[PDB]
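Visitor: Input structure: final01.pdb, which contains PDB, C-alpha atoms.
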ATOM      1  CA  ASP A1999      79.842  77.337 116.036  1.00  0.00           C
ATOM      2  CA  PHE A2000      82.457  79.425 117.937  1.00  0.00           C
ATOM      3  CA  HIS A2001      80.043  81.652 119.831  1.00  0.00           C
ATOM      4  CA  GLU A2002      77.795  78.598 120.307  1.00  0.00           C
ATOM      5  CA  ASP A2003      80.687  76.564 121.790  1.00  0.00           C
ATOM      6  CA  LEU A2004      81.269  79.584 124.035  1.00  0.00           C
ATOM      7  CA  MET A2005      77.529  79.520 124.807  1.00  0.00           C
ATOM      8  CA  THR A2006      77.855  75.799 125.606  1.00  0.00           C
ATOM      9  CA  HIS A2007      80.644  76.814 127.996  1.00  0.00           C
ATOM     10  CA  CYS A2008      78.399  79.584 129.233  1.00  0.00           C
ATOM     11  CA  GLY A2009      75.667  77.146 130.326  1.00  0.00           C
ATOM     12  CA  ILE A2010      78.254  74.847 131.959  1.00  0.00           C
ATOM     13  CA  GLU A2011      77.603  75.496 135.691  1.00  0.00           C
ATOM     14  CA  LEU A2012      74.303  77.248 135.081  1.00  0.00           C
ATOM     15  CA  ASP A2013      72.174  74.192 136.229  1.00  0.00           C
ATOM     16  CA  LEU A2024      83.521  68.912 135.591  1.00  0.00           C
ATOM     17  CA  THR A2025      85.219  70.435 138.611  1.00  0.00           C
ATOM     18  CA  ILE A2026      86.316  73.097 136.085  1.00  0.00           C
ATOM     19  CA  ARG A2027      82.717  74.303 136.643  1.00  0.00           C
ATOM     20  CA  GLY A2028      83.567  74.460 140.370  1.00  0.00           C
ATOM     21  CA  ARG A2029      86.107  77.302 139.881  1.00  0.00           C
ATOM     22  CA  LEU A2030      83.422  79.258 138.098  1.00  0.00           C
ATOM     23  CA  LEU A2031      80.846  78.941 140.855  1.00  0.00           C
ATOM     24  CA  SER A2032      83.429  80.075 143.378  1.00  0.00           C
ATOM     25  CA  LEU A2033      84.253  83.016 141.121  1.00  0.00           C
ATOM     26  CA  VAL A2034      80.689  84.314 140.720  1.00  0.00           C
ATOM     27  CA  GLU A2035      80.245  84.597 144.506  1.00  0.00           C
ATOM     28  CA  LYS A2036      83.415  86.608 144.571  1.00  0.00           C
ATOM     29  CA  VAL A2037      82.268  88.892 141.734  1.00  0.00           C
ATOM     30  CA  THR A2038      79.194  89.833 143.736  1.00  0.00           C
ATOM     31  CA  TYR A2039      80.751  92.182 146.194  1.00  0.00           C
ATOM     32  CA  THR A2058      82.205  99.216 153.493  1.00  0.00           C
ATOM     33  CA  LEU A2059      81.789 101.596 150.508  1.00  0.00           C
ATOM     34  CA  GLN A2060      78.536 100.335 149.180  1.00  0.00           C
ATOM     35  CA  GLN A2061      76.920 101.214 152.469  1.00  0.00           C
ATOM     36  CA  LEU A2062      78.133 104.826 152.722  1.00  0.00           C
ATOM     37  CA  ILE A2063      77.702 105.688 149.103  1.00  0.00           C
ATOM     38  CA  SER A2064      74.149 104.631 149.596  1.00  0.00           C
ATOM     39  CA  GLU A2065      73.860 106.354 152.863  1.00  0.00           C
ATOM     40  CA  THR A2066      75.228 109.737 151.962  1.00  0.00           C
ATOM     41  CA  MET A2067      72.758 110.117 149.214  1.00  0.00           C
ATOM     42  CA  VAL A2068      70.049 109.365 151.732  1.00  0.00           C
ATOM     43  CA  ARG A2069      71.792 111.801 154.084  1.00  0.00           C
ATOM     44  CA  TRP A2070      71.646 114.528 151.526  1.00  0.00           C
ATOM     45  CA  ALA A2071      68.227 113.944 150.219  1.00  0.00           C
ATOM     46  CA  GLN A2072      66.522 113.844 153.528  1.00  0.00           C
ATOM     47  CA  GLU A2073      67.760 116.812 155.403  1.00  0.00           C
ATOM     48  CA  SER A2074      68.166 119.355 152.778  1.00  0.00           C
ATOM     49  CA  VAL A2075      65.296 119.230 150.305  1.00  0.00           C
ATOM     50  CA  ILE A2076      67.160 119.687 147.207  1.00  0.00           C
ATOM     51  CA  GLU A2077      67.117 122.160 144.532  1.00  0.00           C
ATOM     52  CA  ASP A2078      69.438 122.536 141.598  1.00  0.00           C
ATOM     53  CA  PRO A2079      67.906 119.647 139.841  1.00  0.00           C
ATOM     54  CA  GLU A2080      71.150 118.711 138.264  1.00  0.00           C
ATOM     55  CA  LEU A2081      72.236 117.535 141.668  1.00  0.00           C
ATOM     56  CA  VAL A2082      69.366 115.330 142.272  1.00  0.00           C
ATOM     57  CA  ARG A2083      69.904 113.791 138.919  1.00  0.00           C
ATOM     58  CA  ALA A2084      73.501 113.279 139.827  1.00  0.00           C
ATOM     59  CA  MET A2085      72.711 111.628 143.051  1.00  0.00           C
ATOM     60  CA  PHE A2086      70.547 108.841 141.961  1.00  0.00           C
ATOM     61  CA  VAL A2087      72.823 107.831 139.211  1.00  0.00           C
ATOM     62  CA  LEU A2088      75.289 107.002 142.000  1.00  0.00           C
ATOM     63  CA  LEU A2089      72.590 105.536 144.022  1.00  0.00           C
ATOM     64  CA  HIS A2090      71.485 103.160 141.370  1.00  0.00           C
ATOM     65  CA  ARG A2091      75.031 102.345 140.315  1.00  0.00           C
ATOM     66  CA  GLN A2092      75.958 101.461 143.798  1.00  0.00           C
ATOM     67  CA  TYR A2093      72.856  99.277 144.373  1.00  0.00           C
ATOM     68  CA  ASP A2094      73.151  97.770 141.000  1.00  0.00           C
ATOM     69  CA  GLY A2095      76.909  97.094 141.001  1.00  0.00           C
ATOM     70  CA  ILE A2096      76.198  94.213 138.717  1.00  0.00           C
ATOM     71  CA  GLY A2097      74.259  95.999 136.064  1.00  0.00           C
ATOM     72  CA  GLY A2098      76.866  98.723 136.274  1.00  0.00           C
ATOM     73  CA  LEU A2099      79.272  96.029 135.440  1.00  0.00           C
ATOM     74  CA  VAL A2100      76.918  94.753 132.795  1.00  0.00           C
ATOM     75  CA  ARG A2101      77.212  97.789 130.682  1.00  0.00           C
ATOM     76  CA  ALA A2102      80.900  97.798 131.001  1.00  0.00           C
ATOM     77  CA  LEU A2103      81.460  94.346 129.657  1.00  0.00           C
ATOM     78  CA  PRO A2104      80.611  94.774 126.002  1.00  0.00           C
ATOM     79  CA  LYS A2105      82.992  97.599 125.799  1.00  0.00           C
ATOM     80  CA  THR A2106      85.790  95.743 127.585  1.00  0.00           C
ATOM     81  CA  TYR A2107      88.234  93.746 125.507  1.00  0.00           C
ATOM     82  CA  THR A2108      91.324  91.629 125.857  1.00  0.00           C
ATOM     83  CA  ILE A2109      94.296  92.318 123.536  1.00  0.00           C
ATOM     84  CA  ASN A2110      97.418  90.235 123.288  1.00  0.00           C
ATOM     85  CA  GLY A2111     100.547  91.725 124.861  1.00  0.00           C
ATOM     86  CA  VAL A2112     102.165  92.004 121.438  1.00  0.00           C
ATOM     87  CA  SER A2113      99.966  94.474 119.653  1.00  0.00           C
ATOM     88  CA  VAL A2114      99.447  96.842 122.561  1.00  0.00           C
ATOM     89  CA  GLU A2115     101.501  99.587 120.911  1.00  0.00           C
ATOM     90  CA  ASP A2116      99.235  99.965 117.952  1.00  0.00           C
ATOM     91  CA  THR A2117      96.296 100.276 120.362  1.00  0.00           C
ATOM     92  CA  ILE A2118      97.867 103.070 122.330  1.00  0.00           C
ATOM     93  CA  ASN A2119      98.304 105.209 119.278  1.00  0.00           C
ATOM     94  CA  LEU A2120      94.861 104.133 118.157  1.00  0.00           C
ATOM     95  CA  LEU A2121      93.170 105.487 121.151  1.00  0.00           C
ATOM     96  CA  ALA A2122      95.382 108.512 120.876  1.00  0.00           C
ATOM     97  CA  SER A2123      94.068 108.806 117.329  1.00  0.00           C
ATOM     98  CA  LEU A2124      90.565 108.146 118.432  1.00  0.00           C
ATOM     99  CA  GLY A2125      90.851 110.467 121.361  1.00  0.00           C
ATOM    100  CA  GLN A2126      91.672 113.191 118.903  1.00  0.00           C
ATOM    101  CA  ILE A2127      88.507 112.538 116.985  1.00  0.00           C
ATOM    102  CA  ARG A2128      86.422 112.390 120.091  1.00  0.00           C
ATOM    103  CA  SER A2129      87.956 115.727 120.869  1.00  0.00           C
ATOM    104  CA  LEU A2130      87.357 117.030 117.390  1.00  0.00           C
ATOM    105  CA  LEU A2131      83.807 115.953 117.643  1.00  0.00           C
ATOM    106  CA  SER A2132      83.000 119.142 119.541  1.00  0.00           C
ATOM    107  CA  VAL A2133      83.917 121.486 116.789  1.00  0.00           C
ATOM    108  CA  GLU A2138      90.414 123.404 110.513  1.00  0.00           C
ATOM    109  CA  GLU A2139      87.891 120.931 111.752  1.00  0.00           C
ATOM    110  CA  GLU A2140      88.096 119.188 108.451  1.00  0.00           C
ATOM    111  CA  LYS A2141      91.872 118.937 108.356  1.00  0.00           C
ATOM    112  CA  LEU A2142      92.775 117.296 111.538  1.00  0.00           C
ATOM    113  CA  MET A2143      90.180 114.632 110.974  1.00  0.00           C
ATOM    114  CA  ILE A2144      91.476 113.289 107.800  1.00  0.00           C
ATOM    115  CA  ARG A2145      94.921 112.986 109.375  1.00  0.00           C
ATOM    116  CA  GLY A2146      93.203 111.356 112.268  1.00  0.00           C
ATOM    117  CA  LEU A2147      91.017 108.981 110.349  1.00  0.00           C
ATOM    118  CA  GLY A2148      93.779 108.140 107.949  1.00  0.00           C
ATOM    119  CA  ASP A2149      95.769 106.993 110.935  1.00  0.00           C
ATOM    120  CA  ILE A2150      92.897 104.691 111.821  1.00  0.00           C
ATOM    121  CA  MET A2151      92.791 103.494 108.231  1.00  0.00           C
ATOM    122  CA  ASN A2152      96.313 102.167 108.655  1.00  0.00           C
ATOM    123  CA  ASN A2153      96.480 100.648 112.055  1.00  0.00           C
ATOM    124  CA  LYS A2154      97.345  97.007 112.502  1.00  0.00           C
ATOM    125  CA  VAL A2155      94.556  96.601 114.999  1.00  0.00           C
ATOM    126  CA  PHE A2156      91.709  97.530 112.832  1.00  0.00           C
ATOM    127  CA  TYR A2157      91.899  94.285 110.911  1.00  0.00           C
ATOM    128  CA  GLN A2158      92.909  91.803 113.513  1.00  0.00           C
ATOM    129  CA  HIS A2159      90.396  92.993 116.055  1.00  0.00           C
ATOM    130  CA  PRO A2160      87.162  94.226 114.515  1.00  0.00           C
ATOM    131  CA  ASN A2161      85.273  93.429 117.626  1.00  0.00           C
ATOM    132  CA  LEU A2162      87.307  96.050 119.454  1.00  0.00           C
ATOM    133  CA  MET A2163      86.255  98.718 116.975  1.00  0.00           C
ATOM    134  CA  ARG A2164      82.574  98.011 117.373  1.00  0.00           C
ATOM    135  CA  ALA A2165      83.105  98.026 121.183  1.00  0.00           C
ATOM    136  CA  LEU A2166      84.654 101.448 120.666  1.00  0.00           C
ATOM    137  CA  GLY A2167      81.573 102.566 118.917  1.00  0.00           C
ATOM    138  CA  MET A2168      83.728 104.684 116.840  1.00  0.00           C
ATOM    139  CA  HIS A2169      81.874 104.115 113.712  1.00  0.00           C
ATOM    140  CA  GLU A2170      79.085 106.040 115.207  1.00  0.00           C
ATOM    141  CA  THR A2171      81.528 108.607 116.262  1.00  0.00           C
ATOM    142  CA  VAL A2172      82.644 108.951 112.744  1.00  0.00           C
ATOM    143  CA  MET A2173      79.083 108.774 111.637  1.00  0.00           C
ATOM    144  CA  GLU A2174      78.051 111.545 113.887  1.00  0.00           C
ATOM    145  CA  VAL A2175      80.630 113.696 112.241  1.00  0.00           C
ATOM    146  CA  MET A2176      79.033 113.287 108.872  1.00  0.00           C
ATOM    147  CA  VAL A2177      75.779 113.784 110.602  1.00  0.00           C
ATOM    148  CA  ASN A2178      77.188 117.034 111.805  1.00  0.00           C
ATOM    149  CA  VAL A2179      78.449 117.924 108.349  1.00  0.00           C
ATOM    150  CA  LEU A2180      75.456 116.975 106.311  1.00  0.00           C
ATOM    151  CA  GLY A2181      72.902 119.649 107.009  1.00  0.00           C
ATOM    152  CA  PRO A2191      82.536 118.702 102.080  1.00  0.00           C
ATOM    153  CA  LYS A2192      85.902 116.785 101.305  1.00  0.00           C
ATOM    154  CA  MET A2193      85.726 115.853 104.921  1.00  0.00           C
ATOM    155  CA  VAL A2194      82.696 113.782 104.204  1.00  0.00           C
ATOM    156  CA  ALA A2195      84.120 111.316 101.809  1.00  0.00           C
ATOM    157  CA  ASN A2196      87.007 110.459 104.093  1.00  0.00           C
ATOM    158  CA  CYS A2197      84.452 109.450 106.629  1.00  0.00           C
ATOM    159  CA  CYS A2198      82.675 107.599 103.942  1.00  0.00           C
ATOM    160  CA  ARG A2199      85.935 105.926 102.894  1.00  0.00           C
ATOM    161  CA  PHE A2200      86.209 104.963 106.474  1.00  0.00           C
ATOM    162  CA  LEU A2201      82.771 103.738 107.025  1.00  0.00           C
ATOM    163  CA  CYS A2202      82.944 101.551 104.027  1.00  0.00           C
ATOM    164  CA  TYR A2203      86.243 100.259 105.305  1.00  0.00           C
ATOM    165  CA  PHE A2204      84.544  99.631 108.570  1.00  0.00           C
ATOM    166  CA  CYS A2205      82.094  97.296 106.939  1.00  0.00           C
ATOM    167  CA  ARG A2206      84.448  94.904 105.377  1.00  0.00           C
ATOM    168  CA  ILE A2207      86.254  93.616 108.337  1.00  0.00           C
ATOM    169  CA  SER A2208      83.489  91.406 109.757  1.00  0.00           C
ATOM    170  CA  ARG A2209      79.865  90.779 109.579  1.00  0.00           C
ATOM    171  CA  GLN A2210      78.646  91.769 113.011  1.00  0.00           C
ATOM    172  CA  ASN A2211      80.763  94.813 112.414  1.00  0.00           C
ATOM    173  CA  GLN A2212      78.594  95.260 109.407  1.00  0.00           C
ATOM    174  CA  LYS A2213      75.472  94.927 111.436  1.00  0.00           C
ATOM    175  CA  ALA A2214      76.074  98.159 113.085  1.00  0.00           C
ATOM    176  CA  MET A2215      76.004 100.076 109.962  1.00  0.00           C
ATOM    177  CA  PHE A2216      72.886  98.310 108.838  1.00  0.00           C
ATOM    178  CA  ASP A2217      70.859 100.234 111.304  1.00  0.00           C
ATOM    179  CA  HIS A2218      71.747 103.509 109.652  1.00  0.00           C
ATOM    180  CA  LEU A2219      70.654 102.784 106.200  1.00  0.00           C
TER     181      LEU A2219
ATOM    182  CA  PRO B3613      93.571  81.728 119.180  1.00  0.00           C
ATOM    183  CA  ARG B3614      93.934  82.787 122.833  1.00  0.00           C
ATOM    184  CA  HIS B3615      93.155  86.531 122.947  1.00  0.00           C
ATOM    185  CA  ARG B3616      90.167  85.871 120.692  1.00  0.00           C
ATOM    186  CA  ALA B3617      88.890  83.102 123.000  1.00  0.00           C
ATOM    187  CA  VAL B3618      89.250  85.253 126.098  1.00  0.00           C
ATOM    188  CA  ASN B3619      87.382  87.935 124.172  1.00  0.00           C
ATOM    189  CA  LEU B3620      84.375  85.810 123.319  1.00  0.00           C
ATOM    190  CA  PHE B3621      84.367  84.306 126.761  1.00  0.00           C
ATOM    191  CA  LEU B3622      83.832  87.748 128.198  1.00  0.00           C
ATOM    192  CA  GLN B3623      80.737  88.436 126.187  1.00  0.00           C
ATOM    193  CA  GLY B3624      79.694  84.855 126.848  1.00  0.00           C
ATOM    194  CA  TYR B3625      80.172  85.204 130.581  1.00  0.00           C
ATOM    195  CA  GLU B3626      78.392  88.522 130.350  1.00  0.00           C
ATOM    196  CA  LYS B3627      75.404  86.957 128.628  1.00  0.00           C
ATOM    197  CA  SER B3628      75.129  84.061 131.022  1.00  0.00           C
ATOM    198  CA  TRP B3629      75.981  84.521 134.683  1.00  0.00           C
ATOM    199  CA  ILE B3630      75.783  88.213 135.255  1.00  0.00           C
ATOM    200  CA  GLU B3631      72.046  88.207 134.484  1.00  0.00           C
ATOM    201  CA  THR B3632      71.285  87.502 138.044  1.00  0.00           C
ATOM    202  CA  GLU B3633      68.014  87.790 139.849  1.00  0.00           C
ATOM    203  CA  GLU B3634      70.005  88.738 143.109  1.00  0.00           C
ATOM    204  CA  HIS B3635      68.462  92.145 142.525  1.00  0.00           C
ATOM    205  CA  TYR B3636      65.748  91.984 145.157  1.00  0.00           C
ATOM    206  CA  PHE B3637      67.063  95.162 146.733  1.00  0.00           C
ATOM    207  CA  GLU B3638      64.387  97.256 145.178  1.00  0.00           C
ATOM    208  CA  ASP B3639      61.933  96.601 147.931  1.00  0.00           C
ATOM    209  CA  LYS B3640      64.583  97.510 150.476  1.00  0.00           C
ATOM    210  CA  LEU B3641      65.512 100.568 148.480  1.00  0.00           C
ATOM    211  CA  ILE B3642      62.120 102.007 148.028  1.00  0.00           C
ATOM    212  CA  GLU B3643      61.576 101.401 151.717  1.00  0.00           C
ATOM    213  CA  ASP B3644      64.829 103.230 152.363  1.00  0.00           C
ATOM    214  CA  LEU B3645      63.958 106.276 150.333  1.00  0.00           C
ATOM    215  CA  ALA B3646      60.639 106.522 152.065  1.00  0.00           C
ATOM    216  CA  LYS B3647      62.100 108.040 155.225  1.00  0.00           C
ATOM    217  CA  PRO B3648      62.204 111.665 156.553  1.00  0.00           C
ATOM    218  CA  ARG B3661      60.118 118.452 154.701  1.00  0.00           C
ATOM    219  CA  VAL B3662      59.909 116.132 151.721  1.00  0.00           C
ATOM    220  CA  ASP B3663      61.100 112.566 151.465  1.00  0.00           C
ATOM    221  CA  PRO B3664      63.812 111.544 148.979  1.00  0.00           C
ATOM    222  CA  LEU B3665      61.580 109.306 147.085  1.00  0.00           C
ATOM    223  CA  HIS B3666      59.241 112.199 146.397  1.00  0.00           C
ATOM    224  CA  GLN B3667      62.275 114.207 145.461  1.00  0.00           C
ATOM    225  CA  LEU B3668      63.173 111.522 143.005  1.00  0.00           C
ATOM    226  CA  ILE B3669      59.721 111.470 141.670  1.00  0.00           C
ATOM    227  CA  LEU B3670      59.367 115.137 141.276  1.00  0.00           C
ATOM    228  CA  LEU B3671      62.647 115.192 139.480  1.00  0.00           C
ATOM    229  CA  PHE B3672      61.270 113.222 136.697  1.00  0.00           C
ATOM    230  CA  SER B3673      58.015 115.025 136.637  1.00  0.00           C
ATOM    231  CA  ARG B3674      59.437 118.444 136.111  1.00  0.00           C
ATOM    232  CA  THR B3675      61.737 116.960 133.501  1.00  0.00           C
ATOM    233  CA  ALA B3676      58.828 115.674 131.671  1.00  0.00           C
ATOM    234  CA  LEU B3677      56.929 118.870 131.621  1.00  0.00           C
ATOM    235  CA  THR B3678      59.642 120.553 129.587  1.00  0.00           C
ATOM    236  CA  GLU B3679      58.413 120.840 126.019  1.00  0.00           C
ATOM    237  CA  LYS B3680      61.211 118.839 124.432  1.00  0.00           C
ATOM    238  CA  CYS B3681      58.811 117.542 121.701  1.00  0.00           C
ATOM    239  CA  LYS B3682      60.859 114.375 121.705  1.00  0.00           C
ATOM    240  CA  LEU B3683      61.888 112.658 124.886  1.00  0.00           C
ATOM    241  CA  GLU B3684      65.229 111.356 125.354  1.00  0.00           C
ATOM    242  CA  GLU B3685      66.388 108.006 126.554  1.00  0.00           C
ATOM    243  CA  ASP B3686      67.185 109.287 130.110  1.00  0.00           C
ATOM    244  CA  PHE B3687      68.654 106.195 131.664  1.00  0.00           C
ATOM    245  CA  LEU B3688      68.085 107.653 135.048  1.00  0.00           C
ATOM    246  CA  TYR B3689      64.373 107.213 134.420  1.00  0.00           C
ATOM    247  CA  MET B3690      64.835 103.941 132.897  1.00  0.00           C
ATOM    248  CA  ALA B3691      66.470 102.692 136.020  1.00  0.00           C
ATOM    249  CA  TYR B3692      64.097 104.009 138.683  1.00  0.00           C
ATOM    250  CA  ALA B3693      61.080 103.045 136.777  1.00  0.00           C
ATOM    251  CA  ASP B3694      62.292  99.498 136.862  1.00  0.00           C
ATOM    252  CA  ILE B3695      63.062  99.748 140.507  1.00  0.00           C
ATOM    253  CA  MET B3696      59.616 100.967 141.164  1.00  0.00           C
ATOM    254  CA  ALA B3697      58.161  98.373 138.810  1.00  0.00           C
ATOM    255  CA  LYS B3698      59.960  95.742 140.844  1.00  0.00           C
ATOM    256  CA  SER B3699      58.500  97.468 143.858  1.00  0.00           C
ATOM    257  CA  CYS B3700      55.460  95.245 143.512  1.00  0.00           C
ATOM    258  CA  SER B3714      44.958  80.845 151.181  1.00  0.00           C
TER     259      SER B3714
END
Have the structure of the file written as structure tokens, please.
Guide:
Amino acid sequence: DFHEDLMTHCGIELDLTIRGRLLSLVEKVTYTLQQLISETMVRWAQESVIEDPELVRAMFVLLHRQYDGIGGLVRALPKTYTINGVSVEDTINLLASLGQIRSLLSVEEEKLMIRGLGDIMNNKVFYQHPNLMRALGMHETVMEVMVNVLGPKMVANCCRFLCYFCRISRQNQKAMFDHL
Amino acid sequence: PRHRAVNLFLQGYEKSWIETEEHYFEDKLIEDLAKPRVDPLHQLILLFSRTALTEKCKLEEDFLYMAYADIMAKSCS
């Protein structure tokens, strides 16, 4: 019922003066930079018919992100997360652990992982906040490692992890269901 | 709990009031790219075309295409 009670709160001012603070907030969320970021792409693309196709690809990503500054913000929101002020110190070293494995993704390769993943096995915020881990997508990161391996001892430590990923909640388990 | 409630409010507020139909800009955009040599809109188009002609044998997600397709799809007693 918890997500549904949130969904009941979500359809509050969709159609309480508490609803009034929300409606004021959405207008504020909406929006000189958006003009010029738009314009300079149009400046470039007009005058100087553009080769190096990498550029052109780069331009319209900024063009669309600037026009859609809502959908840009859409994709950011499932990744974003609020932690309490207490357990911030575990999260710092977590991302420092995870940043090592994102780094080691592009690869002794075996060794530093197990130290890295074993750190993630033991963090306080792996239990208390499973929704943060799925927002990290780090299961897939770990998965892609054993994708990369499986064409040896390195594997099982990922597999010890990915099991241990499944236990902590059910929508956290959903993610792994897609890779059966 | 508080941090948990602010968490699920975020995904709840994401799934409710950010799905806005305010996005009517597409008509103004595709007008705006259709200005002066080759126009930018043709540059955008040809970008995707020459991408597609590469024999990848499996196309990728290419969210660039996924965006400007939808712009151009929204481009239309």
Visitor: Taking the file as shown, what set of residues would the PyMOL selection byres ((chain A and resi 2199-2209) around 12) give back, as an MDAnalysis selection string?
Guide: chainID A and resid 2143:2144 2146:2152 2155:2164 2167:2176 2192:2198 2210:2216 2218
Visitor: Can you list, as a PyMOL selection string, the residues that the ChimeraX specification (/A :<10) & /B selects here?
Guide: chain B and resi 3614-3632+3634-3635+3637-3638+3641+3644-3648+3661-3668+3670-3672+3674-3675+3687-3689+3691-3692+3695
Visitor: Between CA of residue 3700 in chain B and CA of residue 2081 in chain A, what distance in Å does the model show, to one decimal?
Guide: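 CA of residue 2081 in chain A lies 28.0 Å from CA of residue 3700 in chain B.
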Visitor: Axis-aligned box over every listed atom of range 2109-2127 of chain A, padded by 5 Å per side: centre and edges in Å to one decimal, as lines of an AutoDock Vina configuration file?
Guide:
center_x = 95.3
center_y = 101.7
center_z = 120.9
size_x = 23.7
size_y = 33.0
size_z = 17.9
Visitor: What's the separation between CA of residue 2153 in chain A and CA of residue 2113 in chain A, in Å to one decimal place?
Guide: 10.4 Å
Visitor: In Å, rounded to a single decimal, give me how far CA of residue 2116 in chain A is from CA of residue 2141 in chain A.
Guide: 22.5 Å
